Ligand SMILES: [K+]
Ligand SMILES: [K+]
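Residue numbers (the authors' numbering), protein chains in the order written: chain A, 1 to 76; chain B, 22 to 66.
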């Protein structure tokens, strides 16, 4: 299924995922497609930060859901 | 400002929180929204 990941810069990233995929998996997919390191990523859904070891199903992230991607601000 | 109202709407939407909480996270972080959202989501310990 497709889900959407929307950055705070207004960019929508489309991912191909299964409900059983982990949040760690999803962050790796985002790194693959965009180059954003997983350790920078905070994925948010329904006002909650998603935990790496849980699944999309655990959060009832259904197909065509939008996650928000908040980036940690370091260095620089 | 239209900018600060927008920042508050966006914060409250991402955080699914009320407007007062959103606005005060913003104001206390120099009106820097991504920084303020990081603070909202960093777990208390
Ligand atoms: K919340
Ligand atoms: K917090």
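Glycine included, C-beta positions come from ideal geometry on N, C-alpha and C.
Item to check | Whole-number beta carbon distance between residue 55 (chain A) and residue 14 (chain A), since they are thought to touch under 8 Å | outcome: In this structure residue 14 (chain A) does not touch residue 55 (chain A) by the C-beta definition: roughly 19 Å separates them, more than the 8 Å allowed.
Next on the checklist: So if DSSP puts residue 29 (chain A) in a beta bridge, which residue, or which two residues, is it bridged to?
Outcome noted: Beta-bridge pairing links residue 29 (chain A) to no other residue.
Item to check | Cross-chain neighbours of residue 17 (chain A) in chain B, by beta carbon under 8 Å | outcome: In chain order: nothing, as chain B lies at least about 21 Å away.
Next on the checklist: Alpha carbons only, please: which of B:57, B:27, B:31, B:34 is nearest the one belonging to residue 46 (chain B)?
Outcome noted: Nearest of B:57, B:27, B:31, B:34 to residue 46 (chain B), Cα basis: B:57.
Checklist entry - From residue 40 (chain B) to residue 60 (chain B), what distance separates their C-alpha atoms? => result Rounded to whole angstroms, residue 40 (chain B) to residue 60 (chain B) spans 16 Å at the Cα level.
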